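Below: the structure, in structure tokens.
Proteins come first, then strands; the chains are lettered A, B, ... in the order of their sequence lines, and each starts at number 1.
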Amino acid sequence: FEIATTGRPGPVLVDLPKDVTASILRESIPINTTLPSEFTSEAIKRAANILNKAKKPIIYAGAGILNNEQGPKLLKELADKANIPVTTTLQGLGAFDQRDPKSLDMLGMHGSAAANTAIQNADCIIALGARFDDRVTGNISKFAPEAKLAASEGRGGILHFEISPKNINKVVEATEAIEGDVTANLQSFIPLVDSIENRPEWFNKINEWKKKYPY
Amino acid sequence: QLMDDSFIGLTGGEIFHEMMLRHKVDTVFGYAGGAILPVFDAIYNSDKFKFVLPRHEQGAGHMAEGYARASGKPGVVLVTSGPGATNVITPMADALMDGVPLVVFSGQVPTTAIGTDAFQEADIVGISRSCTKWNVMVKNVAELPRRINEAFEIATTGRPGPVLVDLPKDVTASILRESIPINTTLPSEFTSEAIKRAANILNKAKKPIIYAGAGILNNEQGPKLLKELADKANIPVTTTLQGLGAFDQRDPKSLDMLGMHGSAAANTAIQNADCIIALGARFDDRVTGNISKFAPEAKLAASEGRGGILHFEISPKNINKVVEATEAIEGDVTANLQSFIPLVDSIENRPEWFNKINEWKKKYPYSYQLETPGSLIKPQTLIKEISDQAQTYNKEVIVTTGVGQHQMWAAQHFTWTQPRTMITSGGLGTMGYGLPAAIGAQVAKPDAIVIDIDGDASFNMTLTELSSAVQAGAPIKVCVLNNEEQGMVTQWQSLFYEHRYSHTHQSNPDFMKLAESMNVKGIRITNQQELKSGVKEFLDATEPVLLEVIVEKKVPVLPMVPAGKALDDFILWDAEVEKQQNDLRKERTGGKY
Amino acid sequence: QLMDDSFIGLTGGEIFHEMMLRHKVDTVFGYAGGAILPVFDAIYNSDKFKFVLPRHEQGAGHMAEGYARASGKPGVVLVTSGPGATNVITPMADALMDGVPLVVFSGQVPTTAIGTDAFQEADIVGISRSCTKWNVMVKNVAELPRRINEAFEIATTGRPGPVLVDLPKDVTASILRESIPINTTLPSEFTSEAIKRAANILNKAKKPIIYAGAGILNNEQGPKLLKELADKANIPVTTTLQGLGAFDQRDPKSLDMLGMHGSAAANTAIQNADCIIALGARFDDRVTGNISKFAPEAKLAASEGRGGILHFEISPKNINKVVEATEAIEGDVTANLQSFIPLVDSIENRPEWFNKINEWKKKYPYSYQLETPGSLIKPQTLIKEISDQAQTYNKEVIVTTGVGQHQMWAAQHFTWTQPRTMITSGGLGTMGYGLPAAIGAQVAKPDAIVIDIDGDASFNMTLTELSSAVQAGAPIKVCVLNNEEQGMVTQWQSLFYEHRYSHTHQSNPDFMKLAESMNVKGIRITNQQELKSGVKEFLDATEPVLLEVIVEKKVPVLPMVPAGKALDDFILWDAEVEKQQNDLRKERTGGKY
Ligand SMILES: Cc1cc2nc3c(=O)[nH]c(=O)nc-3n(C[C@H](O)[C@H](O)[C@H](O)COP(=O)(O)OP(=O)(O)OC[C@H]3O[C@@H](n4cnc5c(N)ncnc54)[C@H](O)[C@@H]3O)c2cc1C
Ligand SMILES: Cc1cc2nc3c(=O)[nH]c(=O)nc-3n(C[C@H](O)[C@H](O)[C@H](O)COP(=O)(O)OP(=O)(O)OC[C@H]3O[C@@H](n4cnc5c(N)ncnc54)[C@H](O)[C@@H]3O)c2cc1C
Ligand SMILES: Cc1cc2nc3c(=O)[nH]c(=O)nc-3n(C[C@H](O)[C@H](O)[C@H](O)COP(=O)(O)OP(=O)(O)OC[C@H]3O[C@@H](n4cnc5c(N)ncnc54)[C@H](O)[C@@H]3O)c2cc1C
Ligand SMILES: COC(=O)c1ccccc1S(=O)(=O)NC(=O)Nc1nc(I)cc(OC)n1
Ligand SMILES: COC(=O)c1ccccc1S(=O)(=O)NC(=O)Nc1nc(I)cc(OC)n1
Ligand SMILES: C/C(NCc1cnc(C)nc1N)=C(/S)CCOP(=O)([O-])OP(=O)([O-])O
Ligand SMILES: C/C(NCc1cnc(C)nc1N)=C(/S)CCOP(=O)([O-])OP(=O)([O-])O
Ligand SMILES: [K+]
Ligand SMILES: [K+]
Ligand SMILES: [Mg+2]
Ligand SMILES: [Mg+2]
């Protein structure tokens, strides 16, 4: 139960030989068995400084944000505070209220051309519990060119909030990797992030793309 | 017509012998035992190849690696079941990490005993799965020629590496009774477009650099084409440890070795280059420094459409594994260079770039604290002496090493000029490699001078193989840098663990009496005034020879890019810092070190 | 209350150190390297256990095995990543086959580098899976105490065997920040009915025999209870190679060792017994001879309801694996003997059976060709000399061996009287075992005489560890039987391959100069007239000592049950046959051998 539910959740299997389950316990057992960081802190601060420079930010949110009851609340709090449009994966659908004007809908192979256009043009991508799977990235070498350029010029990049080290820097290089539960790390992150009232040029583009690219 | 009956009536062992011939095997390294006897009986007094007998199967394995790296042919190993086979595991893991074509034949208990925890039974196919490209257990004699062909093919194609073929005793004793397919008795537009794209990128570059490794050594024309490219487009060249000798380090365009202990000039250049041409090298973590901070000018140039990383790589596994390639050029680097170079613009001069390259080379020599009156010989000086004197014989000079500080000083302070002359354990980093690798290289190249630059600890690991050199007629030259310490580990303990030397001083034998016991010539250099003449005696010897040199202890290898740091964030040698370090070490150890 | 915070603030390395203490570890065998530095830093200058530094990690592994077999405690190994870890694979496979509790701790590259073909990265969990009972990679410091407890528990329970715990450098450098379960910070009717049934069977037997092996050595009361049973029910006792010393061979009831090279009396007795009491032995294929022809009188008696095989075995895997047990008695053989013996009827005499047993013992001594004037010392004579002289010190005598003819002659010709005094590689049969095993046994039992009876080839494998004996203060006694051949293999080549000696004569160093170089006393016995005094000098030495004895070459170990033959279908020594064999060998090799 512990392995299934911690880190990235997933399946486990316990094989039960019939003679074991028919046998009777004859001996006492440890009572514990009868009952159910500075590095990251610095990365969060660095990540916030990057987002505070961004002129075209975008949140790319997936299933991981659903794994804490406070996840969607904190996602909304960040998008509201720093005034950031939000796209989600297939598995993140429902993490963000799609009626919100900041919603870009689903990205990817069959996602909105508005969302796909926005992430291709964003200077800062905040990846929240999503693994850059190949249905989402399109051609990997051509993925997120404005974010990669911004990373190179020290004014943006990819901020990856991910609980499983296996999925950090697996597909795309993170400018900052923030390891651990995305919801807990958002609680540290948001206070370091500057409140932004308006982004006229960016949202002007976001709004034209949404109008141009309905389903 | 498509079936062949010419092997009918032969034992599996006899078939093995015949397939070795057909694969042009001229040397086998191995050691007998019960399960492999039918094969040993078949090769008894064979005049078709040389057999080399080590004292330990680990020795056979590293010998075969040395042989393969020196010759460009696969190194063939023949050992018995059980411990004979498990003893080859370190050499297989070693060959896998360094891309060495090794074909390991291990005897196995009869098929009727497999899985019964039989006498001398190891699950070697299970154990060696992670440290081979491929392995197989032969289950009947009719498939033995096919499996031998498959082994040699897999070992030598793609990225070369080790394979293992398990031979049950009843299979190799059995006689072929049926004909077998005659084929078994005998041994792109996408990339073309990538090459064109890559050439267009290089033609824009204002700060190009070639980063060349072991893969360029895997074609005889490799170094020639590397030079042709560097000459045509006027590009400075750095190499990995494993690429040493791919480029003539006397050329002004040579930046020497890059990486953790590479030249600060090379490290500076690759950190500032707008275009990195990676030729048969895998971006291993000894080379890149902190990966997120690696090659920032090349990544910026890629983003701005005016440069990036052009990766010529034969194994898809190693493309985009560590760093994103701007263009991936898949396949043999030498063949692809033949297509690439004609598309590349000839460049006469690069004044601003080479002005920087030349200032960095001047600023960042491999500096160290020289000898002082009465001091011990410095290990850096010893290597320079060997390199200067060796270069004066009319013979090829091949260098093998152990693992540790001596290995890094050998890399830095030899002048590398010829391909397949640096034979060193890089990826796995196996202490004990140096001596058996030298025997194998010496067997491959009987007219070469072969020098094992070894550490005392490393040498201790496999010193028994000195008898093997004598028995094989291999006149290897072993130089033990005796600092009476595991220097590379004490370097880390001085630097990161406040001079707490935890179990890093093994006691050494008397190396001169050891040599005598092994019937090997022995020379001992104990002071500065014996260095030149002792090294001359060493190189002039025409028999196996062990040179022991007493060298300064507790001396760090510099430059050094520490873990976590960017490639251009290196520690440099400083005389005053070294003095302070010595005083601190003395205080902290109560004068013991 | 159920959580413990006493480890908070400690590094993984410090936690490792503390758990060694809690597990009463008094000795660690190991060798440093980069990935394991945080652990070496934590154990720096520890006065809590002795650290033993070999020259090669294979040495550490076999030392730990020797230690474990001599002490009955687990042998603890601490090595670095990559080649440090792959170098322990043969000792792990060895420990697995011989049931030796080995706890191997291997450093690993940081979790952030695993799977990247990192510097000195081996997949040791994958590689060692087949040669351990269990292994694990620790992924965070909070689980490190639990994994250490699990390792020691698995290594030492059921059939003992090797386990491996992989320790990423960032885990052992990291600091515990959270409390952990306090339990992790600290170290049948069915069988009862089978025992009763087994006793009823033995009470019917007219020709019983005890077949005792290593399992009886795994409880201090084992040999006592074995003797109590043999005395009560008046039963002759044979043992395996690994059971030697479980029964006092001076007892008239002793049949000596059975098997391929065991006494023809023991082999005859077990082939004729109506009831075989198998006590901690696994029916390995060196013991059973042709399995379908094994123990026919016991199988007949089982069918007729008046005997059979009573197998006392702790591992279900080894029950009914090779031979069908008439009654399987699962669990620790010593504990189950305590229940069994009271149900067993006391028997005063067995006139007809012991009349046969006594005639077979008289008929089947370990005969061989004695010395003649001018001949070399016979290896059988040498072993008898060592055994007779050793038995006269007021000290325990522990014997280790290499693998080959010398090992079999040691088994046959020593008189075994005490448990855990024969420490030899049996299941895997690893040449090179003898010297490091002796160092480990000597460290376990500092007041014992420890004698490595070694072959020349075997010794060559790991001779570098002589320096380790000196550095560890282990006054081991190495006797090299120098026949200048891999005698066991030449025995098979003489017998089955018409005297075709394919690569079975390795060249030897000068063993006296070798000893000198290693700072070890050296003695050389070259003729019959030096045997007694040279062996006395060897045994009287109070420092490490290497005795070389020149012995007769091309002498077979007899008796011998060849592959395919029933246990009672053995070759016996015959003087005239040996003479003819010598003449045939001479003719066939043109006088070379
Ligand atoms: C026909 C078809 C078409 C598809 N097309 C699309 C498409 O167009 N667009 C699209 O989006 N998908 C598409 N998919 C789905 C796609 O294949 C993936 O399943 C999906 O994109 C993965 O979404 P995800 O990364 O949010 O979720 P996951 O795959 O579950 O990855 C979640 C990531 O978050 C991490 N994580 C988990 N919990 C936490 C936590 N508490 N804190 C931090 N991190 C955590 C995980 O370790 C993981 O790396 C398609 C599927 C099909 C069958
Ligand atoms: C103590 C120590 C310190 C070290 N420090 C350094 C250091 O400072 N600098 C350094 O360079 N190394 C250092 N190393 C060595 C390092 O660990 C690696 O072994 C080495 O850098 C790998 O070099 P490479 O990429 O050229 O060779 P390899 O590891 O063999 O990689 C060759 C690459 O080329 C590919 N290839 C093979 N054949 C072909 C072909 N025909 N065509 C195209 N591609 C091909 C392969 O598939 C592979 O991807 C050190 C080692 C030790 C033990
Ligand atoms: C060249 C050579 C020749 C050889 N020839 C012979 C020979 O002629 N004769 C011979 O005997 N050997 C010979 N061997 C050795 C042979 O290969 C085996 O190693 C040996 O016979 C195994 O002995 P064993 O069954 O007592 O020990 P093990 O192999 O250790 O088996 C012990 C058994 O007892 C069980 N056990 C362990 N602990 C307990 C416990 N507490 N309670 C109950 N059961 C327990 C184990 O699970 C196991 O099944 C030879 C080896 C070599 C290298
Ligand atoms: C190496 O052992 C095996 O291959 C094996 C294992 C299990 C069953 C049968 C066999 S076997 O084919 O018959 N061969 C032997 O036994 N050979 C053998 N050789 C020697 I030299 C020595 C020796 O015994 C000391 N045995
Ligand atoms: C043993 O190597 C590793 O454990 C490793 C492997 C891949 C990445 C990072 C690392 S690391 O934790 O930083 N440690 C080193 O590098 N250590 C290191 N130690 C020595 I002594 C010597 C040496 O280099 C010669 N390195
Ligand atoms: C212990 C160790 N490395 C860990 C280690 C352990 N075990 C093996 C088989 N290989 C390695 N690489 C080194 S580099 C010390 C080398 O000492 P040396 O051979 O005397 O060389 P030097 O003193 O010049 O650094
Ligand atoms: C090659 C071999 N066996 C195969 C073999 C190969 N390699 C290993 C590591 N172990 C074994 N057991 C033997 S027993 C020869 C032993 O020779 P020796 O040590 O000089 O002993 P002896 O001559 O008394 O038989
Ligand atoms: K150089
Ligand atoms: K005896
Ligand atoms: Mg040294
Ligand atoms: Mg011998």
Side-chain angles (χ1 to χ4, degrees), chain B residues 198-199 201-217 219 221-259 261-281 287 295 297-298 301 307-312 333-334 336-338 340-347 349-351 353-361 363-366 387 411-422 559 567-568:
Chain B
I201 288 167
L202 175 54
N203 290 338
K204 293 171 168 170
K206 302 294 290 187
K207 299 138 80 202
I209 185 180
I210 286 158
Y211 154 55
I216 207 81
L217 299 177
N219 186 309
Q221 296 321 304
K224 168 186 167 182
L225 287 193
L226 163 56
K227 177 185 201 315
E228 181 181 345
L229 172 66
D231 283 343
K232 187 179 189 189
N234 203 5
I235 309 173
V237 178
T238 183
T239 74
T240 60
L241 179 68
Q242 302 295 22
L244 288 173
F247 191 72
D248 187 347
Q249 287 190 334
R250 299 166 301 181
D251 191 292
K253 286 188 267 268
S254 182
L255 281 169
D256 212 275
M257 188 183 79
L258 85 173
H261 286 303
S263 168
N267 291 344
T268 299
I270 196 165
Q271 289 295 87
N272 284 276
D274 60 359
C275 181
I276 296 169
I277 305 162
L279 300 179
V287 163
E297 275 292 291
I309 301 182
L310 314 174
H311 197 184
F312 291 70
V333 53
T334 301
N336 284 327
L337 278 177
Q338 282 156 31
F340 182 65
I341 297 171
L343 297 178
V344 166
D345 292 342
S346 187
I347 306 282
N349 300 112
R350 303 181 180 273
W353 184 224
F354 268 100
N355 170 253
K356 291 173 190 173
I357 293 289
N358 291 333
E359 311 166 345
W360 293 330
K361 297 222 271 165
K363 183 170 180 178
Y364 298 131
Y366 287 128
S387 182
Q412 296 174 344
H413 288 283
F414 269 92
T415 298
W416 302 98
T417 60
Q418 301 297 328
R420 299 185 188 146
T421 53
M422 171 56 130
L567 248 201
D568 52 343

Could you measure the distance from the [atom1] atom of [X] to the [atom2] atom of [Y]? Nearest 0.5 Å is fine.
{"X": "B/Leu226", "Y": "B/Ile341", "atom1": "CG", "atom2": "CD1", "value": "8.5 Å"}
{"X": "B/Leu258", "Y": "B/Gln271", "atom1": "CG", "atom2": "CD", "value": "9.5 Å"}
{"X": "B/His311", "Y": "B/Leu279", "atom1": "NE2", "atom2": "CG", "value": "9.0 Å"}
{"X": "B/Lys206", "Y": "B/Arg350", "atom1": "NZ", "atom2": "CZ", "value": "7.0 Å"}
{"X": "B/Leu337", "Y": "B/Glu228", "atom1": "CG", "atom2": "CD", "value": "9.0 Å"}
{"X": "B/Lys232", "Y": "B/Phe340", "atom1": "NZ", "atom2": "CZ", "value": "10.0 Å"}

For [X] against [Y], the heavy-atom pair lying closest together:
{"X": "B/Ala411", "Y": "B/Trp416", "value": "O-NE1, 3.0 Å"}
{"X": "B/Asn349", "Y": "B/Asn234", "value": "CA-ND2, 3.5 Å"}
{"X": "B/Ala233", "Y": "B/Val344", "value": "CB-CG1, 3.7 Å"}
{"X": "B/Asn272", "Y": "B/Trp360", "value": "CB-CH2, 4.0 Å"}
{"X": "B/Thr240", "Y": "B/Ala214", "value": "OG1-N, 4.2 Å"}
{"X": "B/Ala269", "Y": "B/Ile209", "value": "CB-CD1, 3.9 Å"}

Worksheet entry | salt bridge (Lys or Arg N to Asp or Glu O under 4.0 Å) against B/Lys227, all qualifying residues, sequence neighbours excluded |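 With sequence neighbours excluded, B/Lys227 shows a salt bridge (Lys or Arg N to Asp or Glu O under 4.0 Å) to B/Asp231, given in chain and number order.
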
Worksheet item: Going through the distances and angles, do B/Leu255 and B/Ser263 end up as a side-chain contact (heavy atoms from CB on, under 4.5 Å)?
Response: CA-CA 7 Å; B/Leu255 281 169; B/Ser263 168; over 6 Å; no

Fill in: Residues forming a ring pair (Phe, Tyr, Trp, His ring centres under 6.0 Å) with B/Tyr211, sequence neighbours excluded
B/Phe283

Sequence neighbours left out, what passes side-chain contact (heavy atoms from CB on, under 4.5 Å) with [X]? Give chain and number order.
{"X": "B/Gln338", "answer": "B/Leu225, B/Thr334"}
{"X": "B/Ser254", "answer": "B/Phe247, B/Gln249"}
{"X": "B/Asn336", "answer": "B/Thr191, B/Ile195, B/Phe312, B/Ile329"}
{"X": "B/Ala298", "answer": "B/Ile276, B/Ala295, B/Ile309"}

Please confirm whether the backbone N or O of [Y] pairs with a side-chain atom of [X], one donor and one acceptor, at under 3.5 Å?
{"X": "B/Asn355", "Y": "B/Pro351", "answer": "no"}
{"X": "B/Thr238", "Y": "B/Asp256", "answer": "yes"}
{"X": "B/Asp274", "Y": "B/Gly307", "answer": "no"}
{"X": "B/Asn203", "Y": "B/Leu343", "answer": "yes"}
{"X": "B/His261", "Y": "B/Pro559", "answer": "yes"}

Discussion item. Just by distance, no angles: are the side chains of B/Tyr364 and B/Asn267 close enough, under 3.5 Å, to form a donor-acceptor pair?
Written reply: no

Discussion item. Quick one, B/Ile270 with B/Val287, criterion side-chain contact (heavy atoms from CB on, under 4.5 Å). Give me CA distance, side-chain angles, the key distance, then yes/no.
Written reply: CA-CA 11 Å; B/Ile270 196 165; B/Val287 163; 5.9 Å; no

Worksheet item: Between B/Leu202 and B/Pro208, is any pair of side-chain heavy atoms under 4.5 Å apart?
Response: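 B/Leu202 vs B/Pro208: side chains touch.
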
Worksheet item: Among B/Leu244, B/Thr239, B/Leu217, which one satisfies side-chain contact (heavy atoms from CB on, under 4.5 Å) with B/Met422?
Response: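 Passing option: B/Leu244.
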
